[PDB]
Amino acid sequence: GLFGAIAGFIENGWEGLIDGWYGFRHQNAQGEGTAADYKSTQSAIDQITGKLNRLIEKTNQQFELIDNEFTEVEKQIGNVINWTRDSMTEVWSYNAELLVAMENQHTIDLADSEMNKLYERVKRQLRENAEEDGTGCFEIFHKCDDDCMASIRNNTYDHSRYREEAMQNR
């Protein structure tokens, strides 16, 4: 996509993540752990949802028969009707091909975008207390236990607390 996270600096997706669209895996003294992020997952879901509610629509626009399957109408008017109907088929087939291609390009870039947002939101929380791996990973200098991890997810992680020790560990 445009933002370069999904099928980008992230190598690949996680078949193990079943609670959301985006999440975190960590490694620390106590072990490994995965968890879904509700906020990022919700924005994407709600937006894709909003798309569907616009498109899964049908008009209150009625049309009646202007020709006849049982007794053919006069040939000249018959051909003008067919020509017009075929002209409309062409227009709507184009519209529909484009609509869907345009929406899909955008849906994908929306997903790619929501990840990139989540990435950099965390980055900023950490400040000088961690560095950028490049594969979607944040290496932490100070050791960070499972309570310390849940505070990162919660957006309650206090960088100043662990700062001194992490900066000396540059």
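We number the residues from 1 along the sequence you see.
Trainee: Give the stretch, out of 134-142 and 108-116, with the larger mean C-alpha temperature factor in the deposited entry.
Mentor: If you average the C-alpha B-factors of 134-142 and of 108-116, the larger mean comes out for 134-142.
Trainee: Mean C-alpha B factor from the entry: is it higher for 11-19 or for 146-154?
Mentor: Comparing 11-19 with 146-154, the higher mean C-alpha B-factor belongs to 146-154.
Trainee: If you compare 129, 49, 62, 40, which has the highest Cα B-factor in the entry?
Mentor: Checking the PDB record, the top C-alpha B-factor among 129, 49, 62, 40 is at 129.
Trainee: With respect to the C-alpha temperature factors reported in the PDB entry, which of 29, 44, 66, 101 ranks highest?
Mentor: Result of the comparison over 29, 44, 66, 101: 29.
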